[PDB]
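Only one chain comes next, encoded as structure tokens, the form deposited in one PDB entry.
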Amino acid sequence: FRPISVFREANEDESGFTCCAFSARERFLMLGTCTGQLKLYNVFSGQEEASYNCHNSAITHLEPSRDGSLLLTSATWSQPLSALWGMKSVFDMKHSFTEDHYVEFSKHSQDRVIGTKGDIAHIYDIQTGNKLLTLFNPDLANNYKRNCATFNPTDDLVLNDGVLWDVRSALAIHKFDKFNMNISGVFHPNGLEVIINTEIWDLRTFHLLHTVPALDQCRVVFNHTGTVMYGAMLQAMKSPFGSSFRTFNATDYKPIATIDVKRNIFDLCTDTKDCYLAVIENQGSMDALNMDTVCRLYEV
């Protein structure tokens, strides 16, 4: 991890970057701010190329569509809490997800959005903005405090609050038992396994395949080739994470590295070719009126 770029929010003495993702245009990073703006930076020169007022509160999350035409954003306490934005020609809101704190695109075909409202998953059509499904069963709920509903790689299944749902039938096919208070889980990009906090579960037998105590309270992200898994631990303008992330082999879940950048992390992502890792790193203290974040790009 060799840092090869670094920059802060132009003209802000308290740099307010909160989240980042690469755009479909390689040299250009998308970042959210603690005041609700979407910025586009040149990830090498640190030049601010563009700025949009998307929300009334800090952006917590953004996901561009692979084709470059759409962007999801989520916010902290503003209404709508999440939104879908067209980026062809003019930047503009297509749909708003009024009380979803988190949103994700479907994976195989990006024709759908899945949103989380506490313990409830909402699935929407991109083209209409209509809610196609509500996935919630109060008897099966685990009430995970950081629940983030997600689709599997083939879009036929949803993981919501540690419950596995068949999308076509809107049936709960399995509830994974609750073994932590916070982390709800992700699908492995291989589609054979789900990672719920420290437990790796088989998707056919629901067998426990690995116990990985190092993953406790970690938000997990794969690289685009699905060979490396990045974990950043939640800590118990307050960052969601601490000052370190860990990498694992996505195949056997062996630890590769533990990097302490010694600055609280707000977010991290990779380019689609997995050459770089962008990290939003806070300068100065937990106990500060504000944050002062920078974006650092590391060559992997």
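Note that residue numbering begins at 1 and tracks the sequence as displayed.
If you look for the form deposited with a small molecule bound, you will not find it shown, but the lines that follow are about it.
Visitor: Which one, 85 to 93, 134 to 142, 119 to 127, 105 to 113, holds residues whose non-hydrogen atoms are within 4.5 Å of the small molecule in the deposited complex?
Guide: One stretch meets the cut-off, namely 85 to 93.
Visitor: Report whether the minimum heavy atom distance between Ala50 and the small molecule in the deposited complex is within 4.5 Å.
Guide: Although the small molecule is absent here, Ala50 would touch it in the deposited complex, with heavy atoms inside 4.5 Å.
Visitor: Taking the small molecule as it sits in the deposited complex, is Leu40 in contact with it (heavy atom to heavy atom, 4.5 Å or less)?
Guide: Because a heavy atom of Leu40 falls inside 4.5 Å of the small molecule in the deposited complex, the answer is yes.
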